[PDB]
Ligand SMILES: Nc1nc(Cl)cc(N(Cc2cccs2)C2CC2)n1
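Here we start with a single chain on its own, the form deposited without this ligand, put down as structure tokens.
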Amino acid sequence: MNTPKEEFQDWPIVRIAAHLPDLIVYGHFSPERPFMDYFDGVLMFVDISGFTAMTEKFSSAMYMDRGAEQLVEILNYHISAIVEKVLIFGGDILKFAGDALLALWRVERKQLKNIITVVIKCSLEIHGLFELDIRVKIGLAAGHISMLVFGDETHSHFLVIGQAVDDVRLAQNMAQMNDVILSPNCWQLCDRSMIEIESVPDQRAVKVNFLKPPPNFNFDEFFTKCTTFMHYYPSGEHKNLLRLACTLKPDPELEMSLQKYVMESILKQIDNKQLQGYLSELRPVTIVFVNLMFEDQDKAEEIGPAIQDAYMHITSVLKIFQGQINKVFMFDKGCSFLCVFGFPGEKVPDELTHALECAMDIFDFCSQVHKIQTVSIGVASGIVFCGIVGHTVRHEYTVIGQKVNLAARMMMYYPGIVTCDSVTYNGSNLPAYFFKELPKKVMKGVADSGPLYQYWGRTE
């Protein structure tokens, strides 16, 4: 009797699971919204620099209208290699945002010290692959982490929250190219007998210099000990897989739960109802970047109800005005929603007007949600890259472009108002007195923004 090969089965549930972390795939938590949970872990925030500028260059004539295809290929080639290292070192990729990603090693509190060594080693190997003018910067944090899941009956979103989350962002932002930086708490919890560091001027964070293993040390054996504490590390018969999620079996209840996190146009491609090619594009869109600031953004039980309330109105007005939520994350200050008008299927003239009216509506509503202290929204319009970024086994739809960065910076440097760029202002069919021309601010990461405006709105 034969024992024939089992071909890998690439069921729709497995293709769905590529777009999600283990934290959600194996989370089995309540469908109630907001849902909050609490755990401990180590966070790694990896940023490739230089892709934002490459994006502008891939629009030029030299790429012969295959700029989107060439961009996603070279990006995925590099990002895939980082993803592989994260996964092989036992991490869970939570989200991709442009040319960056955020990874988590969730463990019980007593194992944080040893897992931090693992993550530092991972980071140093990652820094290694990049010895294309592209550099990698890495921020690490460790400690208490909260998770929020918010959404409605057909869509779900998650976020991680708390000091470790704020810390990992602060750390990555101080990093110079090729630095691995540790949060203050990460450095207080780490195995100091092995991690040689250098102080960072005016900061309590530190920079990793090198690993200094002791005499009998064997990283393989140590790693193996750490894998006792890693619930989903592929092992035994599945030690040849990058993710346990590759073995997920059809299960309609689980699939119903997981698909709510994934955009409809992505589900269409998963379902072989649309060609793979059409989601990689360089196309004119409007970014609407919404920031909600709270009194205490480390306190999920306070902020979760507010984010949910805001989300319920945001999703509804986006639907009216033809926009979509591409990504949500916690900033240094606030919960941000990266919203996009014009992407795969949704398109118009008056797209600009709609973006601005939608922004004002979100501003007016969210400003009155309990516990939201300040709302800020930046609106910018131009050619941006849209596509699936990452590795075959772990990837997400994301946007990359100078206008994405400009909207984010606008929302940060002009808090409490709705701002737009010049493309949006000039292009909109709105009268000029609905706007106010603003003082020009020098903005981290922005060469020349062009004139900027506040959308003051219809009256006053």
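Note that the rigid core is defined as the largest set of C-alphas that superpose within 1.5 Å between two forms. Only residues modelled in both forms are compared. The numbering used is simple: start at 1 and walk along the sequence shown.
Coordinates for residue 133 are absent from at least a third of the other compared entries of this protein that model residues on both sides of it. The modelled chain breaks after residue 131 and resumes at residue 132, leaving 4 to 9 residues of the deposited sequence without coordinates.
Comparing 393-401 with 408-416, the higher mean C-alpha B-factor in the PDB entry belongs to 408-416.
When the mean C-alpha temperature factors of 210-218 and 160-168 are read from the deposited coordinates, 210-218 comes out higher. Which of 229, 331, 223, 337 has the largest Cα B-factor in the deposited entry comes down to 331.
The maximum CA B-factor among the listed residues 73, 271, 255, 198, taken from the PDB record, is found at 198. In this PDB entry, the Cα temperature factor of residue 342 sits in the top third of its chain's modelled residues, the highest group.
When all modelled residues of the chain are sorted by CA temperature factor, residue 234 is found within the lowest third.
Looking at the C-alpha B-factors along this chain, the one for residue 37 belongs to the middle third. For residue 382, the recorded CA temperature factor ranks within the middle third of the chain's modelled residues. Split the chain's modelled residues into thirds by C-alpha temperature factor. Residue 451 is in the highest one.
Although it is not shown, the form deposited with this ligand bound is what the next lines describe.
Here is the short version: of 318, 230, 102, 205, the single residue with a heavy atom within 4.5 Å of this ligand in the entry with it bound is 102. The contact with this ligand in the entry with it bound, taken as any heavy atom within 4.5 Å, belongs to 158 out of 311, 158, 343, 89. Remark: all three candidate residues (45, 94 and 165) come within 4.5 Å of this ligand in the entry with it bound, counting heavy atoms only.
Partner proximity in the entry with it bound, defined as non-hydrogen atoms within 4.5 angstroms of this ligand, places exactly one of 218-226, 327-335, 303-311, 115-123 at the interface: 327-335. Taking non-hydrogen atoms only, residue 169 approaches this ligand to within 4.5 angstroms in the entry with it bound. Among the candidates 191, 152, 298, 255, the CA atom that moves 2 angstroms or more between this form and the one not shown after core superposition belongs to 298 alone. In the core-superposed comparison between this form and the one not shown, residue 333 has its Cα shifted by at least 2 Å. Wider separation of the C-alpha atoms of residue 106 and residue 297, by 3 angstroms or more, is seen in the entry with it bound than in the present form.
Put simply, residue 305 and residue 297 spread apart in the entry with it bound: their C-alpha atoms are 3 Å or more farther than in the form shown. Listed in sequence order, the runs of at least 3 residues with C-alpha movement of 2 Å or more between this form and the one not shown, after fitting the core, are 7-9, 49-53, 132-135, 296-298, 331-333.
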